[PDB]
Structure formats: C-alpha cells, structure tokens
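Please read the structure below before turning to the comments.
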Amino acid sequence: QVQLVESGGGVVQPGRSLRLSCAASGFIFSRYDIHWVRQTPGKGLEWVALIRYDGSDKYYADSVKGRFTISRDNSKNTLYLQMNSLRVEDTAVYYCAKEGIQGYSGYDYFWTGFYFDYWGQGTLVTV
Amino acid sequence: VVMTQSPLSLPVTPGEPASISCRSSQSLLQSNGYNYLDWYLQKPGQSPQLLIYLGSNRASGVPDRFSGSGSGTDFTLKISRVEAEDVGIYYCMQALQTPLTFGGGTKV
Amino acid sequence: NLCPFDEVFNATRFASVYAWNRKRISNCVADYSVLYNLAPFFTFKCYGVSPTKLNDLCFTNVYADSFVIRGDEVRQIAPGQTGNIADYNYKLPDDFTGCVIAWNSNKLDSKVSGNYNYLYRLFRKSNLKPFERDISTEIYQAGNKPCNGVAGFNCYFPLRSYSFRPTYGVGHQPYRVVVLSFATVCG
Ligand SMILES: *[C@@H]1O[C@H](CO)[C@@H](O[C@@H]2O[C@H](CO)[C@@H](O)[C@H](O)[C@H]2NC(C)=O)[C@H](O)[C@H]1NC(C)=O
C-alpha cells in the first residue's frame, strides 16, 4: 500500500525552472527518506537528490549540487522538488523513489544502505 | 565512483540461467561485512522496482530465482529461471555514499 | 536520582530474543549522554527522537527491552522491517519513538565450545502485533495436525538456538541490542 504518486512535470523551456511534487501516503511519510532519480532515454538512471524525512539535511548529485532544490512537506504527506536553470541535457523522466529503511537519526554500525523499495511513476520533463 | 555492468545486453532464451555483473571502483564491502550494490529492474513502460538490496538479500515480494552473488568489487545477479516476466533492463546502484553512481544498465 | 541503566546494559546474564525483558524504568533522572561511550561502534539508531536532542526532553515511561541477536540481524529490529526477528520474535510499531542501542559483544558471549544459551523462534503461524512476547514452546505444526505434542518428521519445534564463536564473521558475531521505547523520568 506504499504509494508514491507524483505530478507537475511537463514540457518546459531551457533557462527557466519547474516545480515537481511527489505526493505520498499509505506509509508514515514523516519517518523515512525520499530520493529522486532520473533516466533520460538512451541513458541509464541518474540519481538526483534525497532528503531525510524531515528536511534534516540535503545532498544533491555532483552534476547539480545547488541548481536543484528539494524541500519536504510534512503535515500533508507531500514532497516538493524545485529545479532551477535547466540545461539542454536535462530532458528526462524524474522518478521519486521511497527508500525502505525507516530513517534513523543516530549512527549505526550496520547501515543496510540506500535501496529504493517502492517508486513513483515519473514525470517527463523536456527542455 | 562509477559502475560498469556486464553484459549491457544478455538476450537469454527462456529457461536457462543468465548472469549480470557489475564492477566497482572501490571495495563496497564495508568493515561490517556488507556489500552495497542494488539491482533494479524495470519492465518496458513501467517504473523500476527493487530487485535485490545490499547485494545478497532480496526485497520481500521478489521470487527466489533473482539470487545475487557478492564479492569485494565484482558483484553478480543470477536469474535461475528466465521467462516473460523477467524481461527488462537492470541496474546496479552503489549504495555507500552520496552520490549514488547508478549503474550503466543491461538489457533482456 | 540517577536512573538505573547500570542494570540493563552491564547485567552479567544476557536475555534471549523471545524472552526479551522489557524493564520499565521511570520516576527518576536519567542521562542519555552517559551511553554514548561504550560500543566503540554503537548503533544508536534513534527512531523518533534525535539522540542529542533527547537529553533535554522526556515522555511518560521508558522500556529498555534488551536482549541478544546475531550481528547481521542488528539491522533487523527496526520499525517497518519484515525479517525473521521482525515477523516472529520482536517488532517495532511503525510510529516508533525510541533509540535502538546495539553493540558487538564478543566476550562473555562466546565460549570456545559455543554459548548456546540463546534461542530464537524461527516459526510461527501468524506475525506479531507490535511488542508481543511469546514464551510458548509448544510444537509448531508446520505441517499437519495429528496431535502434536512431540513429533519429528516436521511439525517443528519453534525455538532454535544460535552459534557464537570468535572465529565467526562480524555478521555472525552476537550483538546485544537495547531498544528504548518511550512525565516522571528525564534529566
Ligand atoms: C557499564 O560498565 C562500564 C565499566 O565501567 C562503564 O564504562 C565506564 O563509564 C563511566 C561513566 O558511566 C566512565 O566514566 C568510564 O570511563 C567508563 N569506563 C571506561 C573504561 O572508560 C559503562 O558506562 C557502564 N554502562 C552503564 C549503562 O552503566
């Protein structure tokens, strides 16, 4: 019943931005992460960015590291990602992917790694 | 880190088993004895679904024929029984640290 | 008042999985900062409330239901997990609000002939409601009725043991977890 449904993407224009939102439910969407991964056709999936379950701290891919902005939205179980200043080679469907370890705030010896148990459906965005 | 799979295309007639391998730039096996590559499949026209995680133990809801072997750098997915349901490109995320250099991608 | 954790962490005898002793602690002043020192590599996975933030915060009651399980199952006792311990032995409610301390304990948990004082229920007809404890030793007809109060083709005896020895891998190395599950107590 874990559900990640997303909308907002579409045809856009190079140079401007867009707002991607991946609404979640079925699970307690305040406990554990959501990642973003994109695959442009003719290329394997490229990881985009994550967020730790309350917006504790963020990382972004080395290919972006700042022109991309992700922001959680608790209290209504929705996620928001805001792109800025798209390039030519960014037309790619964006998957919001839930990762199946229910996030902890400490420091474990056994990590179990990032793994995106349940996914979304993608939003084709084209520059 | 960069992941390179093999073979990016293993058209496997049904039944006999097919193996898919990935390479790592660094030894993913961390001092706790866990490997971290993740195999993600996706049938054509569908979202990717988790197939293995942490290299060895698969996600609940995945048949037994998707066994995956582990190493220090050379990991492998074994598809014992290939049929129609198994078609789709695979991937090997390295799950050790940001960024997750999501692997190249094979075919079926 | 100096809340007693000297028992649940430093007690000599070590509880097994199914008989996890939920030692309720209360009406006293605790200090969670004391704990971050032992396990050179602890686990402190605080589901629910930030480890450092916890010290100047508190709730009604605390339950440090310590026991011992295999190292590779340290990852297993986390809320929302679906493993062997999770389904049949010990589970955490999805809205868990505690800290899961877990450390390697090679010594005093490893005889050269093996310490087999630990068992784990590998079989059960149905999964556990959050925080259920079951000492029931009765014989598991994983397979047919007949009468089952002893059998041996396969009925099965739902409470195996483990094997703990220094030469084992770290995953096989036994670990003692201390799961804390949470206004008379805070420091
Ligand atoms: C369990 O016992 C050990 C043995 O003393 C405790 O480790 C000491 O903890 C005190 C503070 O509680 C420190 O001042 C000492 O430096 C520690 N010992 C060493 C060798 O560094 C441990 O704290 C005890 N744990 C509990 C929960 O009581």
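Heads up, residue numbers simply count up from 1 along the chain you see.
Method on record in the header is electron microscopy, 3.8 Å.
Placed from the backbone N, Cα and C atoms, the Cβ positions cover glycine too.
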Which of these, C:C46, C:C58, C:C99, shares a disulfide with C:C186 in Swiss-Prot?
C:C58
In Swiss-Prot's disulfide listing, C:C99 is paired with one of C:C46, C:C155. Which one?
C:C46
List, in sequence order, those disulfide-bonded residues among C:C3, C:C28, C:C58, C:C147, C:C155 whose Cα sits within 10 Å of the Cα of C:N10 (N-linked glycosylation site).
none
Check the disulfide-bonded residues C:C3, C:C28, C:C46, C:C99, C:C155, C:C186 for any whose Cβ is under 6 angstroms from an atom of ligand 1, and report them in sequence order.
none
Measuring Cα to Cα, how many angstrom lie between C:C58 (disulfide bond) and C:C46 (disulfide bond)?
14
Disulfide-bonded residues (C:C28, C:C58, C:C99, C:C147, C:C155), the one with most neighbouring Cβ atoms at 10 Å:
C:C99
In the structure shown, with every protein chain counted, which of the recorded positions C:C3, C:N10, C:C46, C:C186 has the densest set of Cβ atoms within 10 angstroms of its Cβ?
C:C46
Unmodelled stretch of 6 residues flanked by C:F182 and C:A183; CA-CA distance (Å, integer) comes out at 11
Counts of helix, strand and coil residues, the region 'Immunodominant HLA epitope recognized by the CD8+' (C:115-123), according to DSSP:
0 helix, 2 strand, 7 coil
